[PDB]
């Protein structure tokens, strides 16, 4: 069966663009791979949207090579905050994180 011989794959730390309905490709990066077959996650991933530092789940069909689409998707937008992402993806692709839990058993400061 010859049905378009193409099988791409992304990994944590990879710089890609995520397409959303009503919005243009937003500069993003991979933060985690798919579990296996749990919850309502067919083949999505946790991508980080620079500028706003927001995260969401999208499939590979909605993800594209940043460097490759940088010139096409790397341009200011009316949604505001888009440009801010351009600077981050270039100046700091590892900006922001998942978050840490301060004080679990006891606290000292507050």
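Per the header of the entry, the method used was solution NMR.
Cβ atoms here come from the backbone N, Cα and C positions, even for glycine.
Annotated in Swiss-Prot:
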- 12-69: domain 'PWWP' (DOMAIN)
- 19, 21, 72, 75, 79, 80: heparin binding site (BINDING)
- 75-80: motif 'Nuclear localization signal' (MOTIF)
- 80: SUMO2 cross-link (CROSSLNK)
- 80: SUMO cross-link (CROSSLNK)
Legend entry - Residue numbers, six or more beyond the limits of the motif 'Nuclear localization signal' (75-80), whose CB comes under 8 Å of its CB atoms: 23-24, 86
Legend entry - DSSP state at residue 19 (heparin binding site), helix/strand/coil: strand
Inset, instruction - Pull the DSSP breakdown for the motif 'Nuclear localization signal' (75-80) and write it out as helix, strand, coil residue counts. - result: 0 helix, 0 strand, 6 coil
Inset, instruction - Give the residue counts of the domain 'PWWP' (12-69) per reduced DSSP state, in the order helix, strand, coil. - result: 7 helix, 29 strand, 22 coil
Inset, instruction - With a 10 Å radius around each C-beta, find which of these binding-site residues (19, 21, 75, 79, 80) has the fewest other C-beta atoms nearby. - result: 21
Legend entry - CB within-chain contacts under 8 A for residue 72 (heparin binding site), separation at least 6: 25
